[PDB]
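Asker: Dropping the structure in here first, questions after.
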Amino acid sequence: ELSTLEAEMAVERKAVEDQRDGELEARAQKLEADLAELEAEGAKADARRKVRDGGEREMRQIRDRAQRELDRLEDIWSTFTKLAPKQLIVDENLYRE
């Protein structure tokens, strides 16, 4: 059953990655909109730098949350494939998964 299990896992990883890319494109377009809103209205390089740092921090947050979920799936899959008796699973959460 390794083939179909690996297929389902690959589709699930792809789902995580495509969701991340949708979120990041949305937030980057929102940062562009916010920066243009500052540009046309009253704004100096202070407010521009603040909004840019905030948008980039949120984009790091999205990327790193999706990356932690991808690494979660990675350890799930490698653990299942290399599973053997006498192996200890310390994380109760990973065992439930």
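As shown in the structure tokens, the chain order sets the letters A, B, ...; within each chain, residues go from 1, and ligands are also counted from 1 in the order they appear.
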Using only C-alpha atoms, which protein or nucleic acid residues come within 12 Å of residue A:59? Drop anything in the same chain fewer than 2 positions from it, and give the result as a ChimeraX atom specification.
Answerer: /A:20-31,52-57,61-67
Asker: A:90, A:41, A:78, A:95: which is nearest residue A:2, counting only C-alpha atoms?
Answerer: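 Ranked by minimum distance to residue A:2, first place goes to A:78.
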Asker: Mind pulling up the distance from atom CA of residue A:72 to atom CA of residue A:84?
Answerer: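 For atom CA of residue A:84 relative to atom CA of residue A:72, the distance reads 19.4 Å.
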Asker: Restricting the calculation to only C-alpha atoms, which member of A:51, A:16, A:68, A:73 is positioned closest to residue A:37?
Answerer: A:51
Asker: List the neighbours of stretch 7-15 of chain A out to 8 Å using only C-alpha atoms; skip same-chain residues closer than 4 positions along the sequence, and give me the result as a compact mmCIF listing (two decimals) with N, CA, C and O atoms, in the first residue's frame.
Answerer:
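Contents of the output file part.txt:
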```txt
# COMPACT_ATOMS: atom_id res chain seq x y z
N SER A 3 2.56 2.76 -2.29
CA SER A 3 2.39 3.64 -3.44
C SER A 3 1.20 4.58 -3.26
O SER A 3 1.34 5.80 -3.39
N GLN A 19 -1.94 26.24 -0.76
CA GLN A 19 -2.62 27.15 0.15
C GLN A 19 -1.66 28.23 0.65
O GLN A 19 -2.03 29.42 0.72
N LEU A 70 4.36 21.66 6.88
CA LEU A 70 5.04 20.79 5.92
C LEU A 70 6.05 19.87 6.62
O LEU A 70 6.12 18.67 6.32
N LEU A 73 4.17 17.09 8.40
CA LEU A 73 3.85 16.02 7.46
C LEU A 73 5.09 15.20 7.10
O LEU A 73 5.01 13.97 6.96
N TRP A 77 5.48 11.17 7.67
CA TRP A 77 5.66 10.22 6.58
C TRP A 77 6.95 9.42 6.73
O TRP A 77 6.96 8.20 6.55
```
Asker: DSSP on the backbone: which residues in chain A end up as helix (DSSP H, G or I)? Give the answer as a VMD selection string.
Answerer: chain A and resid 2 to 40 45 to 81 92 to 96
Asker: State, in Å with one decimal place, the distance from atom CA of residue A:1 to atom CA of residue A:76.
Answerer: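 Pair atom CA of residue A:1 / atom CA of residue A:76 returns 16.2 Å.
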Asker: Find the distance between atom CA of residue A:33 and atom CA of residue A:50 and write it in Å to one decimal.
Answerer: 14.3 Å
Asker: Contacts of residue A:48 at 9 Å or less, counting only C-alpha atoms, minus same-chain residues fewer than 4 places along, as a JSON list (two decimals) with C-alpha atoms, in the first residue's frame?
Answerer:
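Saved the output as selection02.json:
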```
[["chain", "number", "residue", "atom", "x", "y", "z"],
["A", 34, "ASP", "CA", -1.29, 49.57, 1.58],
["A", 35, "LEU", "CA", 1.94, 51.09, 0.30],
["A", 38, "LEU", "CA", 0.27, 55.65, 1.77],
["A", 39, "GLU", "CA", 1.89, 56.93, -1.45],
["A", 43, "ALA", "CA", 3.07, 59.56, 3.93],
["A", 44, "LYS", "CA", 6.81, 59.83, 4.55],
["A", 52, "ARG", "CA", 6.70, 47.30, 4.74],
["A", 53, "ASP", "CA", 8.28, 45.75, 7.83]]
```
